[PDB]
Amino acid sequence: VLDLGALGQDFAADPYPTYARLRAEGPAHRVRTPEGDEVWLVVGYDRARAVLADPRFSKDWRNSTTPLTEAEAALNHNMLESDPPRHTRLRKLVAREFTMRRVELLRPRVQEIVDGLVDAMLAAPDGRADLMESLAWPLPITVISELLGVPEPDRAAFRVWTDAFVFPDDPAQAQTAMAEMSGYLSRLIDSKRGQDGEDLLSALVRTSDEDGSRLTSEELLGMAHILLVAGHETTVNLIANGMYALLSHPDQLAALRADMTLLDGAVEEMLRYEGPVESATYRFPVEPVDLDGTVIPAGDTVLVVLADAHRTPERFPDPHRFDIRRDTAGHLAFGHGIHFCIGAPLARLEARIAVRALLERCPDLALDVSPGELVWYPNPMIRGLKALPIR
């Protein structure tokens, strides 16, 4: 047992040793998260990678001996929290809207938002600004909002809720933020029906209305929620976490500026080295699972620590080395198996474009604060900074 909460900001800023110390003992460990959830952690690449796809580990709450709260039960009917055949049917509804080829068509607009964002930051008569506030946050929400059909003004709200799901001002703020969001979503869905809108939310509504067995109303709400939540802090932290590593490793920042053909690889290294998903979402085994002699009971919550698999020397030689030229093949930053991130092409698209943009423009690009003054979130599921001042 370990109370990651008790560990404090020290564990949050650098949780890797802890996960590593555990990986040296066994492949699974019962811990208590900063908020207070008692779960099992799966560490070590091979085991992490295997568990992720393993059919034995279900993502359907019906298989969790720890039941959903009321607020959460309004949102669990989504592809990420289901197993086939439901997962299969639900992902097929949006699969075509997220392929590399369809996403690429968004380049002009994505490239467009970044330029504007970067032009404003540079206007800073201080040569100093927060890259989190100026680019990392604005971009993700703007892109997804236009795609689905979430009004510009309602986007702040999501910043607040998403904040609460990761770190609530109390074990209640999370549950209340879910409720508020679940109510916003439903109302927005209502406002869309019969309006002949062309945005993706409008399409999904029509589909639900065409065949409720194809997409139930509780799945229509679940779908909307998952497409807007699953990629929010994740994409935002990929960008903040990616620029930071590069900024904290000038050797690599110089490498990319000098050779832009390293872009896609450097982003892959970012995902690897400091991806925003520290631990994958809840899995619940359908039956007892002996792992190296460690048996997790059926129905227990399990978090696969992607961060620890990404620092497993065996798989990634010299894992603590941020190297934008390293063979990343195999990283699990976007997951592994049937649940592989559907938004990966778009996320990559946004990160790749914003990264280059900054490297090109920003002449004397550098961290404008001591790493020690940086603050991270305790949550073992998401790796992200509260701020990232640059100059």
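Numbers follow the displayed sequence, beginning with 1.
> Return whichever of 66-74 and 359-367 has the greater mean Cα B factor according to the PDB record.
Comparing 66-74 with 359-367, the higher average CA B-factor belongs to 359-367.
> Averaging C-alpha B-factors over each stretch, which comes out higher, 308-316 or 226-234?
It is 308-316.
> Tell me which of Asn241, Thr281, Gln173, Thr207 tops the list for C-alpha B factor in the record.
Spelled out: the listed residue with the top C-alpha B-factor is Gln173.
> Between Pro140, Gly265, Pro276, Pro153, where does the Cα B-factor run highest in the record?
Result of the comparison over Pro140, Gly265, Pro276, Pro153: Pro153.
> Taking only the Cα B-factors deposited for this chain, tell me whether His249 sits in the lowest, middle or highest third.
Middle third - that is where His249 ends up once the chain's C-alpha B-factors are sorted.
> Report the third (lowest, middle or highest) to which the CA temperature factor of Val114 belongs, ranking only the modelled residues of the same chain.
For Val114, whose C-alpha B-factor we compare with every modelled residue in the chain, the answer is the middle third.
> Would you please rank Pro85 by its C-alpha temperature factor against the other modelled residues of its chain and give the third it falls in: lowest, middle or highest?
Lowest third of the chain for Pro85's C-alpha B-factor.
> Using the B-factor values recorded in the entry, state whether the Cα atom of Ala354 falls in the lowest, middle or highest third among the modelled residues of its chain.
Its C-alpha B-factor, which the entry lists for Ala354, ranks in the middle third among residues of this chain.
> Splitting the chain's C-alpha B-factors into thirds, which one does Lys59 fall into?
For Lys59, whose C-alpha B-factor we compare with every modelled residue in the chain, the answer is the middle third.
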